[PDB]
Every structure is written in C-alpha cells, then in structure tokens.
Amino acid sequence: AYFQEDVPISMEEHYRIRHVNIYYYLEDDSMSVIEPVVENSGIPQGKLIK
Amino acid sequence: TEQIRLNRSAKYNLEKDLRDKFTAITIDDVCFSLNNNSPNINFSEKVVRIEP
Amino acid sequence: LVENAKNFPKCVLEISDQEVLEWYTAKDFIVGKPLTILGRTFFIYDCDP
Amino acid sequence: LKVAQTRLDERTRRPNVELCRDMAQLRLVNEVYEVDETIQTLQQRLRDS
Amino acid sequence: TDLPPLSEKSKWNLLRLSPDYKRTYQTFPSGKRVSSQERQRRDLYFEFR
Amino acid sequence: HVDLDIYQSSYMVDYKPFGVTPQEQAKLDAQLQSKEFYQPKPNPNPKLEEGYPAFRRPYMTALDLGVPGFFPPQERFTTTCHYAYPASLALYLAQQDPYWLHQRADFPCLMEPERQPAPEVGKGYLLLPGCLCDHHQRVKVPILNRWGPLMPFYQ
Amino acid sequence: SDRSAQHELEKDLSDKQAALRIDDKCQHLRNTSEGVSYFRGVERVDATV
Amino acid sequence: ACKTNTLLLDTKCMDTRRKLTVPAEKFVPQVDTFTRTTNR
Amino acid sequence: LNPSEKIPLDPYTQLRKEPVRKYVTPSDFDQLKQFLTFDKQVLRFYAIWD
C-alpha cells in the first residue's frame, strides 16, 4: 500500500507518495507496517509501526 | 455478510473436490480403454521411493 | 520544404537539405498520372521495358 | 453467457480431423450473439427507467 | 486516491529522464545521415561523445 | 593426349563478349524501397525540442508514471431498432445458418429456400404464418411443407 | 499392407476417443459448474478443418 | 410413424441375415483376437 | 478478492533518476553504397507538356 503526505516548505513538490508494506500475522491476529528503504529519500525509514 | 462468507468457503472446498474427481475419472477412463494391441503400450520403469 | 521556410533568406542562402522536407522521387514518377515540375504539368506518356 | 463461451472454448480443443464445423458449433456462436443482444436490450430499458 | 497532476516542468523532465527514451545519429530533417565533418564544425549540429 | 586451349590467342582471352550474394541483393533491395518509397509521418507525440507549452495535451498524474514509452496510450441486426412481426433476429439468421430462407420484399411473408428440390422445374417457396394481404396480390406460387408424393399413405 | 491399414485405424480410434471425451464434458456442463469463466473472442475464432 | 416403419422393417432384414453364420452352414475357424500382433 | 490496481510512482524519485547515457546506430545506405550498387541504372519516362 501507499499513503500520501503533504509536504510544505519545499522547492519542488507539494506531496509525497511513500511505499509501505503491511504484514498480517495469523498466529495472534497482529499487524505490522514496514517501509522499505528508498535510496536517496531524506526520510528516516524502516518500521513505521511495531 | 458473514453468512455469505461461510457459503463462499464451503463452495470453494466443493469445487476443489470436484476437480480432483474429474481428473481421477479421466485417468480411469484412459486406463480402462487400454488393450494389448494398442499404441503407447510400454513396459515399466524402475524407481523406488517409499512415499506416503 | 520545412514549414520554417518562412524565415529562410532565399535572397541570400540557397535551398539545402537543412530546409527541404521532401525530395522528388520515383514514387511520384509513375505511369498514367501527371506530375507538376516548376509549373509544367508533364503528363507521363509511357516508359521503357 | 459464461457457460456458452466455456463450451465454445472447450470445443476448440478437438483434434485435427475432428476439428469440424458442426451445427452445434453454429448454434453456440448464434447463442452467444443472442445473449449479447439480450443484455443490450436490458441495459437500454434500465436507462429509460 | 486524490492525486494532483504533474506540471509541464515535471512532464518534460520525466520524458528526458525516462529509461526508454533514446537519441540517434542526428539526422537531417529530410532523413539523411549528417556528415561527420559537418558535426565537427561547431555549428547547428554538435558532437556527442 | 593433346590439349585444346593451345589454340586460343591472347586477343580473345583478353577480349570477349560481355555476358555480392543473392541475400545481399535481396537485403540491399528492400533498403532501396525503404528509401525510395519512404514517406514521413507526423509522429503525434510532443518531443523534447518543442518545449514546455507543447507538454500540456496528454493529461497525466503520478499514477501513470512508469509505463514504457512514457505517454498515456491513445484511443448485424440489432434489437434496439424497432422491428415488426416478420423481422427478428432469427430472420437475420434465417439465411447464413444451415437454413437458407431469404425474404421476398414484395410479399414479406414469402421466403425462398436456396436448396430447392428441383431447380430444373420452376421454383418453390415457403409461407410464413399470420401476415396480411392487400389488394388481393394475385400470384399463385408454390408453397411446400415437405417433399414426397401428393397423396401419402402415412398422413 | 495389413500393418499399414491397422495403423490408420488406430490413429482414427485415438482421435475419436479424445474428441468424444471433450464432447461429453461439454454436453454435461451446467450453469454453475466448476471452472466456468469468460472466454471473449471464441465466438469469432474459427480454425476448423 | 413412417420413419418407425422402416426401422422395424430394416431390423427384420438385419435379423434374417443371421440365417447365415449358423455353425452348420459355415465353418468359421478359431480366431486369435487376443494377441500382440508381430507385424509391428 | 477485489480487482487489483496499479501503484503510483514517486515523482521526486523519478526526477532524481539518472539518464540513459547511450545512443542508437544509423542505417548504412550511404551515398557510397547507392553509387556502388546502382550505377549505370537510369529510368526513362516519355512525357508530353501541353
């Protein structure tokens, strides 16, 4: 899935589209959300939600 | 909505079983149709596996 | 020629490949139909074996 | 419509000498045509409603 | 689901930066290979090394 | 035991009447038509040299990015039409399919079969039921429901 | 010669066997049977012999 | 009814054609249908 | 399962992509080949001017 963030105070863009993966663990009915690292994006990426 | 979901699951299992039944019937028809004077009649093959 | 022939100084520069769009060519010379060269309609009689 | 198209696809698989244009084949093609016309008529009446 | 469209700046830059976009031997408008000495002359056509 | 090219002077061996590869010949020739009959085409897509204002015709969002050759890809009897009693879909099919009845537009309920039982003798027709006649239309024409004797045993 | 005739008959029997199996499966299909889907185009595809 | 009449008549003619092949009228010898024929 | 959809791409990353440093070779129907293989061949067409 992808979610869109408005970005202010930037030269170029006024929106983002960050790519993220949602895992659903059947064993206990849990969920996790992880953002795979993009090469030169200045966002600190990784695991969005535990 | 939940009852509909349950019906979908039962239908899915039924279709799966129907597919295996059709394949088995086809194989049995081919086996029954064989005869001594038939093409593709061939000897055995040697392989030992023990697989349940 | 190119549509940009409007700003081409014909009074100085000769017509060249940088200004022509198409060339007269054997697709146009085919027997039985006329073809205009320099305002001469030049109907094609016939041709060689 | 689904079942008619499935029958036609399956009968396309017949072997070389058996790949025959039979009256059932003609009838199935016509049936697919008619089902499409029926769907179009129903959609027309829906828009009118 | 609501996304804003791209500007002309962005569209031109994406076309220039596309993985598939390619250039050629800098032909004439008519469609002829441009001479290497012509390209050597630093004028309307340049060199691409 | 003797050789015959001896009796050939240098004049002929020099002077005789005038008498690549075929694939090269076939390839080279298709490359001449590829020039001789070549015609340019508009190539309807904004290119880099035209500039920014040309890049406004195709509308795209960030959804469309990534497609190869980056641009958005470009662009019999019907039952909707009113029909009377003898005109229907089956009447449209009444000739192409293995039945070969063709309407006679003068007398709408008189169809003609292509496969007639005896073309040497005069033609025969089939009659559609119902229908309607005006001004008595005096044509006495063959109609045939089956082929056989005039007085059958099994009727 | 007898071998040649029998070979021809054997090919004919095998082909009719496969064709009969396909035709049986087509005849016994039903409206909500397993493995029924859309096959748009088969009403126009015609590669008979 | 007329189509049935032929099929009833024709079955008679097929049936009467079994007056041949009687074991005393002909001598069919034994036949080896169950075989693996060797002309391959 | 619902029908799938295509995921939008990040315009910033597309802008930050590096270009195609390559080139495409031309045809070889040069004037040399045309001269060497089509010498001594001319076409004569009779015509009238009214």
# chains A, B, ... in the order shown; residues from 1 in each chain; ligands from 1
$ interface_residues --of "chain A" --to "chain E" --cutoff "10 Å" --atoms "only C-alpha atoms" --output "VMD selection string"
chain A and resid 2 to 4 12 to 17
$ write_last_selection --atoms "C-alpha atoms" --output "compact mmCIF listing (two decimals), in the first residue's frame"
# COMPACT_ATOMS: atom_id res chain seq x y z
CA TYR A 2 0.94 3.65 -0.39
CA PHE A 3 -0.02 6.69 1.66
CA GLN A 4 0.29 10.31 0.57
CA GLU A 12 9.85 21.29 -5.85
CA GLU A 13 6.94 19.13 -4.68
CA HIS A 14 3.80 19.66 -2.61
CA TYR A 15 3.06 15.97 -1.93
CA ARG A 16 4.76 12.63 -1.30
CA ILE A 17 3.91 9.02 -2.09
$ select_by_dssp --residues "chain A" --states "strand (DSSP E)" --output "list in words"
residues 2, 3, 4, 5, 16, 17, 18, 19, 21, 22, 23, 24, 25, 30, 31, 32, 33, 34, 47, 48 and 49 of chain A
$ write_last_selection --atoms "N, CA, C and O atoms" --output "CSV table (one decimal), in the first residue's frame"
chain,number,residue,atom,x,y,z
A,2,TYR,N,0.3,2.4,-0.4
A,2,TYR,CA,0.9,3.6,-0.4
A,2,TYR,C,0.1,4.7,0.3
A,2,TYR,O,-1.2,4.6,0.3
A,3,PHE,N,0.7,5.6,1.0
A,3,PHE,CA,0.0,6.7,1.7
A,3,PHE,C,0.7,8.0,1.3
A,3,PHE,O,1.9,8.1,1.2
A,4,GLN,N,-0.2,9.0,1.1
A,4,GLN,CA,0.3,10.3,0.6
A,4,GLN,C,0.4,11.4,1.7
A,4,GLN,O,-0.5,11.5,2.4
A,5,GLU,N,1.5,12.0,1.7
A,5,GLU,CA,1.8,13.1,2.7
A,5,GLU,C,2.0,14.4,2.0
A,5,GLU,O,2.8,14.5,1.1
A,16,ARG,N,3.9,13.8,-1.3
A,16,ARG,CA,4.8,12.6,-1.3
A,16,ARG,C,3.9,11.4,-1.5
A,16,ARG,O,2.7,11.4,-1.3
A,17,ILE,N,4.5,10.3,-2.0
A,17,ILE,CA,3.9,9.0,-2.1
A,17,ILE,C,4.9,8.0,-1.6
A,17,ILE,O,5.8,7.6,-2.3
A,18,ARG,N,4.8,7.7,-0.3
A,18,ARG,CA,5.7,6.7,0.3
A,18,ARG,C,5.2,5.3,0.2
A,18,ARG,O,4.0,5.1,0.4
A,19,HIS,N,6.1,4.4,-0.1
A,19,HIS,CA,5.7,3.0,-0.3
A,19,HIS,C,5.9,2.2,1.0
A,19,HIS,O,7.0,2.3,1.6
A,21,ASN,N,4.7,-1.6,3.4
A,21,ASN,CA,4.2,-3.0,3.3
A,21,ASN,C,3.6,-3.3,4.7
A,21,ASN,O,4.2,-3.1,5.7
A,22,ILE,N,2.4,-3.9,4.6
A,22,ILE,CA,1.6,-4.3,5.8
A,22,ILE,C,1.6,-5.8,5.9
A,22,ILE,O,1.0,-6.5,5.0
A,23,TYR,N,2.2,-6.3,7.0
A,23,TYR,CA,2.2,-7.7,7.2
A,23,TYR,C,1.1,-8.1,8.3
A,23,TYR,O,1.0,-7.4,9.3
A,24,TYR,N,0.4,-9.1,8.0
A,24,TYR,CA,-0.7,-9.6,9.0
A,24,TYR,C,-0.3,-11.0,9.5
A,24,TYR,O,-0.2,-11.9,8.7
A,25,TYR,N,0.0,-11.1,10.8
A,25,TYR,CA,0.4,-12.3,11.4
A,25,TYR,C,-0.8,-13.0,11.9
A,25,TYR,O,-1.5,-12.6,12.8
A,30,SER,N,-2.1,-10.2,14.7
A,30,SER,CA,-1.4,-8.9,14.8
A,30,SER,C,-1.1,-8.4,13.4
A,30,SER,O,-1.2,-9.0,12.4
A,31,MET,N,-0.6,-7.2,13.4
A,31,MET,CA,-0.2,-6.4,12.2
A,31,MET,C,1.1,-5.7,12.4
A,31,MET,O,1.5,-5.4,13.5
A,32,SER,N,1.8,-5.5,11.3
A,32,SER,CA,3.0,-4.6,11.3
A,32,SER,C,3.1,-3.9,10.0
A,32,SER,O,2.5,-4.3,9.0
A,33,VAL,N,3.7,-2.7,10.1
A,33,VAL,CA,3.9,-1.9,8.9
A,33,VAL,C,5.3,-1.5,8.8
A,33,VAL,O,5.9,-0.9,9.7
A,34,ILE,N,5.9,-1.8,7.6
A,34,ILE,CA,7.4,-1.6,7.4
A,34,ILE,C,7.6,-0.8,6.1
A,34,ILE,O,7.0,-1.2,5.1
A,47,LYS,N,10.7,0.6,10.1
A,47,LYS,CA,9.5,0.0,10.6
A,47,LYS,C,8.6,1.2,11.1
A,47,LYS,O,8.9,1.8,12.1
A,48,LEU,N,7.5,1.4,10.4
A,48,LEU,CA,6.6,2.5,10.8
A,48,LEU,C,5.9,2.2,12.1
A,48,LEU,O,5.8,3.1,13.0
A,49,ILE,N,5.3,1.0,12.2
A,49,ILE,CA,4.5,0.7,13.4
A,49,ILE,C,5.0,-0.7,13.8
A,49,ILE,O,5.3,-1.6,13.0
$ residues_around --residues "stretch 38-46 of chain D" --least-positions-apart "2" --cutoff "12 Å" --atoms "only C-alpha atoms" --output "ChimeraX atom specification"
/D:1,31-36,48-49 /F:78-82,89
$ interface_residues --of "chain G" --to "chain H" --cutoff "10 Å" --atoms "only C-alpha atoms" --output "VMD selection string"
chain G and resid 1 to 4 6 to 7
$ write_last_selection --atoms "C-alpha atoms" --output "compact mmCIF listing (two decimals), in the first residue's frame"
# COMPACT_ATOMS: atom_id res chain seq x y z
CA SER G 1 -0.10 -53.87 -46.08
CA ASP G 2 -2.28 -55.14 -43.23
CA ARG G 3 0.01 -53.32 -40.80
CA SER G 4 -0.48 -50.04 -42.67
CA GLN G 6 -4.30 -51.20 -38.90
CA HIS G 7 -2.05 -48.20 -38.18
$ atom_distance --atom1 "atom CA of residue I:27" --atom2 "atom CA of residue C:20"
20.3 Å
$ atom_distance --atom1 "atom CA of residue E:47" --atom2 "atom CA of residue E:23"
12.9 Å
$ select_by_dssp --residues "stretch 12-48 of chain G" --states "alpha helix (DSSP H)" --output "JSON, numbers by chain"
{"G": [12, 13, 14, 15, 16, 17, 18, 19, 20, 21, 22, 23, 24, 25, 26, 27]}
$ atom_distance --atom1 "atom CA of residue F:154" --atom2 "atom CA of residue F:119"
26.9 Å
$ closest_residue --among "F:19, F:45, F:3, F:97" --to "residue F:74" --atoms "only C-alpha atoms"
F:45
$ residues_around --residues "residue C:30" --least-positions-apart "6" --cutoff "12 Å" --atoms "only C-alpha atoms" --output "PyMOL selection string"
(chain C and resi 42-48) or (chain F and resi 37) or (chain I and resi 43-47)
$ closest_atom_pairs --of "chain I" --to "chain A" --cutoff "9 Å" --atoms "only C-alpha atoms" --output "CSV"
residue,atom,partner,partner_atom,distance
I:7,CA,A:2,CA,7.4
I:8,CA,A:17,CA,7.6
I:9,CA,A:17,CA,7.1
I:10,CA,A:17,CA,5.5
I:11,CA,A:16,CA,8.1
I:12,CA,A:13,CA,7.4
I:13,CA,A:41,CA,7.7
I:16,CA,A:40,CA,8.4
$ write_last_selection --atoms "N, CA and C atoms" --output "PDB file, in the first residue's frame"
ATOM      1  N   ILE I   7       0.054   0.861  -8.584  1.00  0.00           N
ATOM      2  CA  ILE I   7       0.522   1.774  -7.544  1.00  0.00           C
ATOM      3  C   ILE I   7       1.204   2.983  -8.181  1.00  0.00           C
ATOM      4  N   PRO I   8       0.896   4.197  -7.736  1.00  0.00           N
ATOM      5  CA  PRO I   8       1.573   5.375  -8.287  1.00  0.00           C
ATOM      6  C   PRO I   8       3.039   5.400  -7.903  1.00  0.00           C
ATOM      7  N   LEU I   9       3.828   6.070  -8.729  1.00  0.00           N
ATOM      8  CA  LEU I   9       5.257   6.207  -8.503  1.00  0.00           C
ATOM      9  C   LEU I   9       5.563   7.563  -7.877  1.00  0.00           C
ATOM     10  N   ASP I  10       6.721   7.645  -7.222  1.00  0.00           N
ATOM     11  CA  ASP I  10       7.108   8.868  -6.530  1.00  0.00           C
ATOM     12  C   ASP I  10       7.793   9.826  -7.498  1.00  0.00           C
ATOM     13  N   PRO I  11       7.159  10.963  -7.804  1.00  0.00           N
ATOM     14  CA  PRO I  11       7.742  11.891  -8.783  1.00  0.00           C
ATOM     15  C   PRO I  11       9.097  12.424  -8.375  1.00  0.00           C
ATOM     16  N   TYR I  12       9.357  12.567  -7.075  1.00  0.00           N
ATOM     17  CA  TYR I  12      10.676  13.007  -6.635  1.00  0.00           C
ATOM     18  C   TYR I  12      11.751  12.004  -7.033  1.00  0.00           C
ATOM     19  N   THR I  13      11.492  10.715  -6.815  1.00  0.00           N
ATOM     20  CA  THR I  13      12.467   9.698  -7.196  1.00  0.00           C
ATOM     21  C   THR I  13      12.615   9.609  -8.710  1.00  0.00           C
ATOM     22  N   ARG I  16      14.827  12.292  -9.632  1.00  0.00           N
ATOM     23  CA  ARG I  16      16.194  12.061  -9.189  1.00  0.00           C
ATOM     24  C   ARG I  16      16.878  10.912  -9.919  1.00  0.00           C
TER      25      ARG I  16
END
$ closest_atom_pairs --of "chain E" --to "chain C" --cutoff "12 Å" --atoms "only C-alpha atoms" --output "JSON lines"
{"residue": "E:26", "atom": "CA", "partner": "C:18", "partner_atom": "CA", "distance": 12.0}
{"residue": "E:27", "atom": "CA", "partner": "C:18", "partner_atom": "CA", "distance": 9.9}
{"residue": "E:28", "atom": "CA", "partner": "C:18", "partner_atom": "CA", "distance": 6.3}
{"residue": "E:29", "atom": "CA", "partner": "C:21", "partner_atom": "CA", "distance": 6.3}
{"residue": "E:30", "atom": "CA", "partner": "C:21", "partner_atom": "CA", "distance": 4.9}
{"residue": "E:31", "atom": "CA", "partner": "C:21", "partner_atom": "CA", "distance": 8.6}
{"residue": "E:32", "atom": "CA", "partner": "C:17", "partner_atom": "CA", "distance": 8.6}
{"residue": "E:33", "atom": "CA", "partner": "C:17", "partner_atom": "CA", "distance": 10.8}
{"residue": "E:34", "atom": "CA", "partner": "C:17", "partner_atom": "CA", "distance": 9.8}
{"residue": "E:35", "atom": "CA", "partner": "C:17", "partner_atom": "CA", "distance": 11.8}
{"residue": "E:38", "atom": "CA", "partner": "C:18", "partner_atom": "CA", "distance": 11.8}
{"residue": "E:44", "atom": "CA", "partner": "C:18", "partner_atom": "CA", "distance": 9.8}
{"residue": "E:45", "atom": "CA", "partner": "C:18", "partner_atom": "CA", "distance": 10.9}
$ interface_residues --of "chain F" --to "chain I" --cutoff "7 Å" --atoms "only C-alpha atoms" --output "PyMOL selection string"
chain F and resi 62-65
$ write_last_selection --atoms "C-alpha atoms" --output "mmCIF file, in the first residue's frame"
data_model
loop_
_atom_site.group_PDB
_atom_site.id
_atom_site.type_symbol
_atom_site.label_atom_id
_atom_site.label_comp_id
_atom_site.auth_asym_id
_atom_site.auth_seq_id
_atom_site.Cartn_x
_atom_site.Cartn_y
_atom_site.Cartn_z
ATOM 1 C CA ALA F 62 1.630 10.385 -10.696
ATOM 2 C CA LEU F 63 -0.418 7.220 -11.257
ATOM 3 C CA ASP F 64 0.583 6.916 -14.911
ATOM 4 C CA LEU F 65 4.365 7.125 -14.455
#
$ residues_around --residues "stretch 35-41 of chain B" --least-positions-apart "2" --cutoff "7 Å" --atoms "only C-alpha atoms" --output "JSON list (two decimals) with C-alpha atoms, in the first residue's frame"
[["chain", "number", "residue", "atom", "x", "y", "z"],
["B", 33, "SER", "CA", -9.58, -48.07, -22.64],
["H", 35, "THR", "CA", -2.77, -61.23, -29.31],
["H", 36, "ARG", "CA", 0.18, -58.85, -29.57],
["H", 37, "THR", "CA", 0.46, -58.74, -33.35]]
